[PDB]
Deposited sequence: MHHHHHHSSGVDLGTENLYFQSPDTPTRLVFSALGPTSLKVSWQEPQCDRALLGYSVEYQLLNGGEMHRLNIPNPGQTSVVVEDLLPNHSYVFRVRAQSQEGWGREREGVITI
């Protein structure tokens, strides 16, 4: 099978760089804005993937962010006083850059 990006471009080397430190901003008691800086790449970025989970284990949630210009996402329904790990990496046509990890206690 041939997998394509959400934008339609075909997938499949100089990888994207790693994003800088993740910035977290609370929007209420259970909602969190996660922001980063677009990393450099010789090629066009297609977007980002954001994965997060409780540090102590739990279901891994994954979000695909299909705009290279979209460098933030708001996550909802988080558990107060629980610690999470977020990992963000940039995607190009040729593959994935390395992940930037950031952790936070809600």
Write out the missing regions of the deposited sequence in sequence order, one range per stretch.
1-2, 15-19
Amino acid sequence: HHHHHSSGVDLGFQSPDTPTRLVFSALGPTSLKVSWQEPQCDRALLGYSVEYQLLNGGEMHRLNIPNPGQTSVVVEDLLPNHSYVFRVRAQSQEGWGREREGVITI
From here on, numbers count along this sequence of modelled residues.
Between 36-44 and 58-66, name whichever shows the higher mean Cα B factor according to the PDB entry.
58-66
83-91 versus 14-22 - greater average Cα B-factor per the deposited record
14-22
